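Colleague: This structure is in structure tokens; I'll ask about it shortly.
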There are 6 protein chains.
Amino acid sequence: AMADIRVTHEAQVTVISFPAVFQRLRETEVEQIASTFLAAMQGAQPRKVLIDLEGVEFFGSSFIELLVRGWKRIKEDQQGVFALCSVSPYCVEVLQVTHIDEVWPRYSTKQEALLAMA
Amino acid sequence: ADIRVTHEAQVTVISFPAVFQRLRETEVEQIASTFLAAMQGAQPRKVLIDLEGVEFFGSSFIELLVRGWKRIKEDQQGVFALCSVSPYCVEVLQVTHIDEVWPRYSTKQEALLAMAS
Amino acid sequence: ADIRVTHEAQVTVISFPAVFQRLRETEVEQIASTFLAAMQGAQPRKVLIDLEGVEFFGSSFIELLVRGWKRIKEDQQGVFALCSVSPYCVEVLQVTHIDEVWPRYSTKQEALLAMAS
Amino acid sequence: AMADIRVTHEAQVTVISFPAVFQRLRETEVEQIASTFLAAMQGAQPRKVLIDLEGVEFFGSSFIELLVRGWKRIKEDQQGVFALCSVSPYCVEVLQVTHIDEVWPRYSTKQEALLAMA
Amino acid sequence: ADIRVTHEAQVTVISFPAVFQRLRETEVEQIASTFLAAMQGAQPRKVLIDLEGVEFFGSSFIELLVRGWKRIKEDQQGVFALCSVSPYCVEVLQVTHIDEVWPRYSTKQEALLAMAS
Amino acid sequence: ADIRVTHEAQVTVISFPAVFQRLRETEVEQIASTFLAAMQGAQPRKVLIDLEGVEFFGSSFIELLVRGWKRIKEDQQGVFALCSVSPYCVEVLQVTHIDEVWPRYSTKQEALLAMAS
Ligand SMILES: [Cl-]
Ligand SMILES: [Cl-]
């Protein structure tokens, strides 16, 4: 019954996407997805991960905290990459509160992100 | 549309009309002048940001609050407090450490009693 | 008043005079150009921010640090590190998640030695 | 109007105590007291701090987290001490979940704590 | 008094009578034998700890849960889940990292639907 | 199978063979006496726990580490440090707050050099 992120493998990148039921990511939603998300952070070096935020309209500290956990798992790979795409303008305003995303390249669409991460 | 500034119980109270449910860069610029003017009274300055009705904001609004707070914080006995912060707003404020030194109250009635001096 | 830039054990060390107990936007603006000028050394560039005596900073200092870090990280063999960061300042770095981006050491001698590995 | 911890100076130790209204320390109570608590962590080296938990019947992660913030502020003093006393049996069961209190000496009463910390 | 073990929808459900509002060392020893016996069924084992009515526990109970979980976790497709966890219990469980891999559900009805296989 | 104890640059280094990918209560019991025997060196005692290759541990390993730390910390000049700790394991240490008790380094060479300061 319980909704979850969807994890796809596209062009050597593990892509994390969100179903429509996850418009707003609070503490409850973050607990629901944490396990699938963190298990998707493994893979042969260099690991490349893209968080595709299309459809997501809100998040805050709980979700940023999860993303940081994912990033810490892959960040020691020399050519590892932890990227975002399709971030709504509001979610960008929330990201602007934190400084950590300065190390996560952000792209306007998945297609652009995938091409840049080849 | 602008914020509503009132003087209640020695406290300058900043409130938001319903139109400001979402506070993006545009809204922050609409209200910055009246907001910052409310930071300029007799010292020690006590300020209450009553966020009832406000459901979303980001860096723009936080930066305005911080700016107002830096005016008030000259005053050793000054207070810059928040009340009626919605759970969405809490989730955003938690992204930064800067707001921890602003006392939190559940409601305006509670804040004004707590802040009486 | 400005940052002190010294060269120790092949590391460019940035230190803060006593007057910078608090690094606010004002102080960050005073030191910005010397700081960024310090990021242009011979390769691989090793940089240590010795925060001894600094008791407060916030968002604008972090933004400056992130810039400098971005100039250094181009080096592959380069290191950008912090030491002697106060308990309050460590919290700021942890709450915004920027703490695990860079190595952080308790003391300068620990750092200078660690950074020779 | 708002209840707060009480901070006393006793025999060169900063003693933090709790009013009866704080039987149960959740997230809300921890926010109420954080500011007074953290401001009480300053003082000439060596700083000695005692958290007197008499009357407190419950706490969990939020309060332990605050205590850790206090402890980090004083822990670099070579003869610094961050101690607890008068911890109810239940609160000891909760402390047993965490490992950090293995570095905080615990004493059965304030009088005993103060004598040991001279 | 003992825990109540039932088999609902392929799931072994552990429930607590009202007398177990507080779970201290004594209570954990009262229930350990019936609890651990419920960890021994056909594989993959699915277990639900329905904590409705339970208001306080500490290390003793957490250690019992962990012990039961280590029996179940042999099973690659095994599940050890919690539901109806009170806010006091959440505050205690947050003190340790070990419980994060136990899924959480708000109610038993929700858990049993989620866990159906 | 047991821990490997080596002496490097005046530091007693504890390492784990490949088979200890997971340090549970069982593995913790196998290594406990060698580990504690390793804590009795010449003063000041410097000890490094090289956790390279360990992907999981929990409460009983932390308890062992805390014991060893308590034997070393008697030295005043002594150091007890960790390195090469996996991301999961760092979380365990942070959630129980034991991470800032000890220095933790990214690599062994970083640690051995840092610990000469
Ligand atoms: Cl796929
Ligand atoms: Cl006093």
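Please note that chains go A, B, ... in the order of the structure tokens, that every chain numbers its residues from 1, and that ligands are numbered from 1 in the order shown.
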Please check which protein, DNA or RNA residues sit within 9 Å of ligand 1, counting only C-alpha atoms and all ligand atoms, and write them as JSON, numbers by chain.

Modeller: {"A": [6, 7, 8, 9, 10, 14, 15]}

Colleague: What are the closest atom pairs, with distances in Å to one decimal, for all residues of chain A lying within 12 Å of chain F? Consider only C-alpha atoms, order rows by chain and residue number, and present the result as a Markdown table.

Modeller:
```
| residue | atom | partner | partner_atom | distance |
| --- | --- | --- | --- | --- |
| A:38 | CA | F:88 | CA | 9.9 |
| A:39 | CA | F:88 | CA | 11.3 |
| A:41 | CA | F:87 | CA | 11.0 |
| A:42 | CA | F:87 | CA | 11.5 |
| A:66 | CA | F:91 | CA | 11.9 |
| A:68 | CA | F:87 | CA | 10.9 |
| A:69 | CA | F:87 | CA | 8.1 |
| A:70 | CA | F:87 | CA | 9.2 |
| A:71 | CA | F:87 | CA | 9.7 |
| A:72 | CA | F:87 | CA | 6.3 |
| A:73 | CA | F:87 | CA | 5.5 |
| A:74 | CA | F:87 | CA | 8.9 |
| A:75 | CA | F:87 | CA | 9.8 |
| A:76 | CA | F:87 | CA | 9.8 |
```

Colleague: Could you take the residues named above and write them with N, CA and C atoms, as a PDB file, in the first residue's frame?

Modeller:
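The result, written out as selection-v9.pdb:
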```pdb
ATOM      1  N   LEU A  38      18.389   5.329   0.767  1.00  0.00           N
ATOM      2  CA  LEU A  38      19.737   5.022   1.224  1.00  0.00           C
ATOM      3  C   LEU A  38      20.246   3.725   0.582  1.00  0.00           C
ATOM      4  N   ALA A  39      19.372   2.759   0.347  1.00  0.00           N
ATOM      5  CA  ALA A  39      19.830   1.511  -0.293  1.00  0.00           C
ATOM      6  C   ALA A  39      20.239   1.781  -1.756  1.00  0.00           C
ATOM      7  N   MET A  41      22.053   4.150  -2.717  1.00  0.00           N
ATOM      8  CA  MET A  41      23.300   4.887  -2.748  1.00  0.00           C
ATOM      9  C   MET A  41      24.526   3.991  -2.928  1.00  0.00           C
ATOM     10  N   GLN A  42      24.357   2.728  -3.273  1.00  0.00           N
ATOM     11  CA  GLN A  42      25.516   1.846  -3.427  1.00  0.00           C
ATOM     12  C   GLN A  42      25.841   1.719  -4.936  1.00  0.00           C
ATOM     13  N   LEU A  66      17.988  14.052   4.917  1.00  0.00           N
ATOM     14  CA  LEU A  66      18.089  12.753   4.198  1.00  0.00           C
ATOM     15  C   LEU A  66      19.042  12.826   3.022  1.00  0.00           C
ATOM     16  N   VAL A  68      21.555  14.665   2.541  1.00  0.00           N
ATOM     17  CA  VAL A  68      22.928  14.789   3.052  1.00  0.00           C
ATOM     18  C   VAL A  68      23.429  13.396   3.440  1.00  0.00           C
ATOM     19  N   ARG A  69      22.554  12.569   3.994  1.00  0.00           N
ATOM     20  CA  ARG A  69      22.927  11.190   4.318  1.00  0.00           C
ATOM     21  C   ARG A  69      23.274  10.406   3.079  1.00  0.00           C
ATOM     22  N   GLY A  70      22.508  10.603   2.026  1.00  0.00           N
ATOM     23  CA  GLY A  70      22.773   9.958   0.741  1.00  0.00           C
ATOM     24  C   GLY A  70      24.092  10.460   0.194  1.00  0.00           C
ATOM     25  N   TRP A  71      24.247  11.771   0.182  1.00  0.00           N
ATOM     26  CA  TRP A  71      25.461  12.365  -0.352  1.00  0.00           C
ATOM     27  C   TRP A  71      26.720  11.881   0.365  1.00  0.00           C
ATOM     28  N   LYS A  72      26.671  11.763   1.713  1.00  0.00           N
ATOM     29  CA  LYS A  72      27.838  11.304   2.489  1.00  0.00           C
ATOM     30  C   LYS A  72      28.254   9.870   2.116  1.00  0.00           C
ATOM     31  N   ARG A  73      27.282   9.077   1.708  1.00  0.00           N
ATOM     32  CA  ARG A  73      27.560   7.723   1.282  1.00  0.00           C
ATOM     33  C   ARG A  73      28.297   7.687  -0.044  1.00  0.00           C
ATOM     34  N   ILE A  74      28.038   8.633  -0.926  1.00  0.00           N
ATOM     35  CA  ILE A  74      28.727   8.585  -2.207  1.00  0.00           C
ATOM     36  C   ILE A  74      29.896   9.579  -2.368  1.00  0.00           C
ATOM     37  N   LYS A  75      30.011  10.567  -1.479  1.00  0.00           N
ATOM     38  CA  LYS A  75      30.949  11.675  -1.690  1.00  0.00           C
ATOM     39  C   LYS A  75      32.426  11.303  -1.679  1.00  0.00           C
ATOM     40  N   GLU A  76      32.842  10.181  -1.103  1.00  0.00           N
ATOM     41  CA  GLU A  76      34.282   9.921  -1.185  1.00  0.00           C
ATOM     42  C   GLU A  76      34.787   9.358  -2.534  1.00  0.00           C
TER      43      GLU A  76
END
```

Colleague: Just need the residues of chain B within 9 Å of chain C, counting only C-alpha atoms, so spit them out as a PyMOL selection string.

Modeller: chain B and resi 94-98

Colleague: Can you tell me, as a CSV table (one decimal) with N, CA, C and O atoms, in the first residue's frame, what residues are no more than 12 Å from residue A:33 when counting only C-alpha atoms, ignoring any on the same chain fewer than 2 positions away?

Modeller:
```
chain,number,residue,atom,x,y,z
A,2,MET,N,2.0,1.3,0.6
A,2,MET,CA,2.7,2.6,1.0
A,2,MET,C,3.5,3.1,-0.2
A,2,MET,O,4.4,2.5,-0.8
A,3,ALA,N,3.3,4.4,-0.5
A,3,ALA,CA,4.0,5.0,-1.6
A,3,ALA,C,5.5,5.1,-1.4
A,3,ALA,O,6.0,5.1,-0.2
A,4,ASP,N,6.3,5.1,-2.4
A,4,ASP,CA,7.8,5.2,-2.2
A,4,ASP,C,8.4,5.9,-3.4
A,4,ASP,O,7.7,6.2,-4.4
A,5,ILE,N,9.6,6.4,-3.2
A,5,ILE,CA,10.3,7.0,-4.4
A,5,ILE,C,10.4,5.9,-5.4
A,5,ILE,O,10.3,4.8,-5.2
A,6,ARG,N,10.7,6.3,-6.7
A,6,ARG,CA,11.1,5.3,-7.7
A,6,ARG,C,12.5,5.5,-8.1
A,6,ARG,O,13.1,6.6,-8.2
A,7,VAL,N,13.2,4.4,-8.2
A,7,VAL,CA,14.7,4.4,-8.4
A,7,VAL,C,14.9,3.9,-9.8
A,7,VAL,O,14.5,2.8,-10.1
A,16,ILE,N,16.6,9.2,-8.7
A,16,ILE,CA,15.6,9.1,-7.7
A,16,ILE,C,14.4,10.1,-8.1
A,16,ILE,O,14.7,11.3,-8.3
A,17,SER,N,13.2,9.6,-8.2
A,17,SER,CA,12.1,10.4,-8.6
A,17,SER,C,10.9,10.2,-7.6
A,17,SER,O,10.9,9.1,-6.9
A,18,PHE,N,10.0,11.1,-7.6
A,18,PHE,CA,8.9,11.2,-6.7
A,18,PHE,C,7.5,11.0,-7.3
A,18,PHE,O,7.2,11.8,-8.2
A,19,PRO,N,6.7,10.1,-6.9
A,19,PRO,CA,5.3,10.0,-7.2
A,19,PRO,C,4.5,11.2,-6.8
A,19,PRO,O,4.8,11.8,-5.8
A,22,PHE,N,3.8,12.6,-3.2
A,22,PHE,CA,4.8,13.3,-2.5
A,22,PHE,C,5.0,14.8,-2.8
A,22,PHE,O,6.1,15.2,-2.9
A,25,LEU,N,7.2,17.1,1.1
A,25,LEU,CA,8.0,16.2,1.9
A,25,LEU,C,8.3,16.7,3.3
A,25,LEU,O,9.2,17.6,3.6
A,26,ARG,N,7.5,16.2,4.3
A,26,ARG,CA,7.7,16.5,5.7
A,26,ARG,C,8.4,15.3,6.3
A,26,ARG,O,8.8,14.3,5.6
A,27,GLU,N,8.5,15.3,7.6
A,27,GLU,CA,9.1,14.3,8.4
A,27,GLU,C,8.5,12.9,8.2
A,27,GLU,O,9.3,11.9,8.0
A,28,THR,N,7.2,12.8,8.0
A,28,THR,CA,6.5,11.5,7.8
A,28,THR,C,6.9,10.9,6.4
A,28,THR,O,7.1,9.7,6.4
A,29,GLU,N,6.9,11.7,5.4
A,29,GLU,CA,7.3,11.3,4.1
A,29,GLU,C,8.8,10.9,4.0
A,29,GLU,O,9.1,9.9,3.3
A,30,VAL,N,9.6,11.6,4.7
A,30,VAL,CA,11.0,11.4,4.7
A,30,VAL,C,11.3,10.0,5.3
A,30,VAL,O,12.0,9.2,4.8
A,31,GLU,N,10.5,9.7,6.4
A,31,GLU,CA,10.7,8.3,7.0
A,31,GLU,C,10.3,7.2,6.1
A,31,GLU,O,10.8,6.1,6.1
A,35,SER,N,14.7,4.4,3.6
A,35,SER,CA,15.2,3.1,3.4
A,35,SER,C,15.5,2.8,1.9
A,35,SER,O,16.6,2.3,1.5
A,36,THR,N,14.6,3.0,1.0
A,36,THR,CA,14.8,2.8,-0.4
A,36,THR,C,15.9,3.8,-0.9
A,36,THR,O,16.7,3.4,-1.6
A,37,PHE,N,15.8,5.1,-0.5
A,37,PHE,CA,16.7,6.0,-0.9
A,37,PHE,C,18.2,5.7,-0.5
A,37,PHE,O,19.1,5.7,-1.4
A,38,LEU,N,18.4,5.3,0.8
A,38,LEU,CA,19.7,5.0,1.2
A,38,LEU,C,20.2,3.7,0.6
A,38,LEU,O,21.4,3.6,0.2
A,39,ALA,N,19.4,2.8,0.3
A,39,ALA,CA,19.8,1.5,-0.3
A,39,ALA,C,20.2,1.8,-1.8
A,39,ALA,O,21.1,1.1,-2.3
A,40,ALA,N,19.7,2.8,-2.4
A,40,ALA,CA,20.0,3.2,-3.8
A,40,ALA,C,21.4,3.9,-3.8
A,40,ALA,O,21.8,4.3,-4.9
A,62,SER,N,14.0,18.2,7.2
A,62,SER,CA,14.0,16.7,7.3
A,62,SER,C,14.5,16.1,6.0
A,62,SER,O,15.3,15.2,5.9
A,63,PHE,N,14.0,16.6,4.8
A,63,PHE,CA,14.4,16.1,3.6
A,63,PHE,C,15.8,16.5,3.2
A,63,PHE,O,16.5,15.7,2.6
A,66,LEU,N,18.0,14.1,4.9
A,66,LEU,CA,18.1,12.8,4.2
A,66,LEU,C,19.0,12.8,3.0
A,66,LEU,O,19.9,12.0,2.8
A,67,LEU,N,18.9,13.9,2.2
A,67,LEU,CA,19.8,14.0,1.0
A,67,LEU,C,21.3,14.0,1.4
A,67,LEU,O,22.1,13.4,0.7
A,70,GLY,N,22.5,10.6,2.0
A,70,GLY,CA,22.8,10.0,0.7
A,70,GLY,C,24.1,10.5,0.2
A,70,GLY,O,25.0,9.7,-0.2
E,100,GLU,N,16.1,2.6,13.2
E,100,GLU,CA,15.7,3.2,11.9
E,100,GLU,C,15.3,2.3,10.8
E,100,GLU,O,14.5,2.7,10.0
E,101,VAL,N,15.8,1.1,10.8
E,101,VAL,CA,15.5,0.0,9.8
E,101,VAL,C,14.2,-0.8,10.2
E,101,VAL,O,14.0,-1.8,9.6
E,103,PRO,N,10.4,-0.5,9.8
E,103,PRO,CA,9.4,0.5,9.4
E,103,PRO,C,8.4,0.9,10.5
E,103,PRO,O,8.1,0.1,11.4
E,104,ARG,N,7.9,2.1,10.3
E,104,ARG,CA,6.9,2.7,11.2
E,104,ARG,C,5.6,2.9,10.6
E,104,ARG,O,5.5,3.4,9.5
```

Colleague: For the atom pair atom CA of residue A:47 and atom CA of residue A:81, what is the interatomic distance in Å to one decimal place?

Modeller: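 That distance, rounded to one decimal, is 6.6 Å.
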
Colleague: Would you please extract all strand (DSSP E or B) residues from stretch 36-91 of chain C, as assigned by DSSP on the backbone, and give them as a list in words?

Modeller: residues 46, 47, 48, 49, 50, 56, 57, 79, 80, 81, 82 and 83 of chain C

Colleague: Go through chain A and collect every residue that DSSP, computed from the backbone, puts in helix (DSSP H, G or I); the answer should be as JSON, numbers by chain.

Modeller: {"A": [20, 21, 22, 27, 28, 29, 30, 31, 32, 33, 34, 35, 36, 37, 38, 39, 61, 62, 63, 64, 65, 66, 67, 68, 69, 70, 71, 72, 73, 74, 89, 90, 91, 92, 93, 94, 95, 100, 101, 102, 103, 110, 111, 112, 113, 114, 115, 116]}

Colleague: Report as a PDB file with C-alpha atoms, in the first residue's frame all protein, DNA and RNA residues lying within 10 Å of residue D:90, evaluated on only C-alpha atoms, omitting residues in the same chain fewer than 3 positions from it.

Modeller:
```
ATOM      1  CA  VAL D  56      12.478  15.345  36.391  1.00  0.00           C
ATOM      2  CA  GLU D  57      10.568  12.157  35.502  1.00  0.00           C
ATOM      3  CA  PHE D  58      11.043  11.924  31.731  1.00  0.00           C
ATOM      4  CA  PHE D  59      13.340  12.922  28.915  1.00  0.00           C
ATOM      5  CA  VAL D  87      18.583  11.045  38.062  1.00  0.00           C
ATOM      6  CA  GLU D  93      17.099   3.599  31.780  1.00  0.00           C
ATOM      7  CA  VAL D  94      16.840   6.226  29.082  1.00  0.00           C
ATOM      8  CA  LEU D  95      20.447   7.331  29.624  1.00  0.00           C
ATOM      9  CA  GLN D  96      21.499   3.706  29.240  1.00  0.00           C
TER      10      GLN D  96
ATOM     11  CA  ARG E  22       5.616   1.409  31.531  1.00  0.00           C
ATOM     12  CA  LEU E  23       8.174  -1.160  30.449  1.00  0.00           C
ATOM     13  CA  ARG E  24      11.057  -1.377  32.866  1.00  0.00           C
ATOM     14  CA  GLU E  25      13.500  -4.216  33.454  1.00  0.00           C
ATOM     15  CA  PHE E  56       7.472   4.619  28.620  1.00  0.00           C
ATOM     16  CA  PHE E  57      10.430   2.274  28.057  1.00  0.00           C
ATOM     17  CA  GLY E  58      14.231   2.459  28.089  1.00  0.00           C
ATOM     18  CA  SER E  59      17.317   0.379  27.277  1.00  0.00           C
TER      19      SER E  59
END
```

Colleague: To one decimal in Å, tell me the separation between atom CA of residue F:74 and atom CA of residue D:79.

Modeller: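 Computed distance, atom CA of residue F:74 to atom CA of residue D:79, equals 12.6 Å.
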
Colleague: Pick out the residues sitting within 10 Å of residue E:13, and hand them over as JSON, numbers by chain; count only C-alpha atoms, and ignore anything fewer than 5 positions along from it in its own chain.

Modeller: {"E": [4, 5, 6, 7, 8, 38, 46, 47, 48, 49, 50, 81, 82, 108, 112]}

Colleague: Could you turn the residues from that selection into a file that holds C-alpha atoms, as a PDB file, in the first residue's frame?

Modeller:
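Generated output (again.pdb):
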```pdb
ATOM      1  CA  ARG E   4      -0.568 -11.043  23.384  1.00  0.00           C
ATOM      2  CA  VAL E   5       0.699 -12.718  20.234  1.00  0.00           C
ATOM      3  CA  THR E   6      -1.595 -13.052  17.257  1.00  0.00           C
ATOM      4  CA  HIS E   7      -1.294 -14.083  13.600  1.00  0.00           C
ATOM      5  CA  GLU E   8      -3.042 -11.603  11.301  1.00  0.00           C
ATOM      6  CA  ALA E  38       7.119 -15.239  18.573  1.00  0.00           C
ATOM      7  CA  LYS E  46       7.148 -10.701   9.353  1.00  0.00           C
ATOM      8  CA  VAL E  47       6.691  -9.203  12.819  1.00  0.00           C
ATOM      9  CA  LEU E  48       4.651  -6.167  13.947  1.00  0.00           C
ATOM     10  CA  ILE E  49       5.177  -4.644  17.393  1.00  0.00           C
ATOM     11  CA  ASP E  50       1.986  -2.820  18.140  1.00  0.00           C
ATOM     12  CA  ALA E  81       7.925  -3.137  12.116  1.00  0.00           C
ATOM     13  CA  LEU E  82       6.473  -0.838  14.802  1.00  0.00           C
ATOM     14  CA  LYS E 108      -2.159  -1.481  13.100  1.00  0.00           C
ATOM     15  CA  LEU E 112      -1.146  -4.808   8.069  1.00  0.00           C
TER      16      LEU E 112
END
```

Colleague: Can you tell me how far atom CA of residue B:99 sits from atom CA of residue C:27, in Å to one decimal?

Modeller: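 Value for the atom CA of residue B:99-atom CA of residue C:27 distance: 20.7 Å.
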